[PDB]
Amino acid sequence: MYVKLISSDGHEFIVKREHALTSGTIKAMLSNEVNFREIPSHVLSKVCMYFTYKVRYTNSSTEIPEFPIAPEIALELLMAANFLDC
């Protein structure tokens, strides 16, 4: 089961349903497609990577690597995080 997350510039990111429910704001918008008018693809692709990262490493006994963020996307990514509550 998958869901389509759509950036402001038209990119269609397809991710698993359970991974997208990490964000409570997305949980609200669904409960198959969602459109983000304010989040461009270079920001939204990173959000999708964070979901994958959280689902793998949450309650994990292994070593956990850093989630990297390039300086050029930090301000925009922060604002997406605050909106999405993840």
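Just count from 1 along the sequence shown to find any residue number.
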* Is residue 52 left out in a third or more of the other entries? -> no
* Is residue 61 unresolved, in the sense of carrying no coordinates, in at least a third of the other compared entries? -> yes
* Deposited residues absent from the coordinates between residue 31 and residue 32, none, 1 to 3, 4 to 9, or 10 or more? -> 10 or more
* Between the two ranges 19-27 and 58-66, the one averaging a larger CA B factor in the entry -> 58-66
* Asked: Lowest, middle or highest third: where is residue 1 by Cα B-factor in its chain?
  -> highest
* Structure fact -> Here the Cα B-factor of residue 81, set against its chain, lands in the third termed lowest
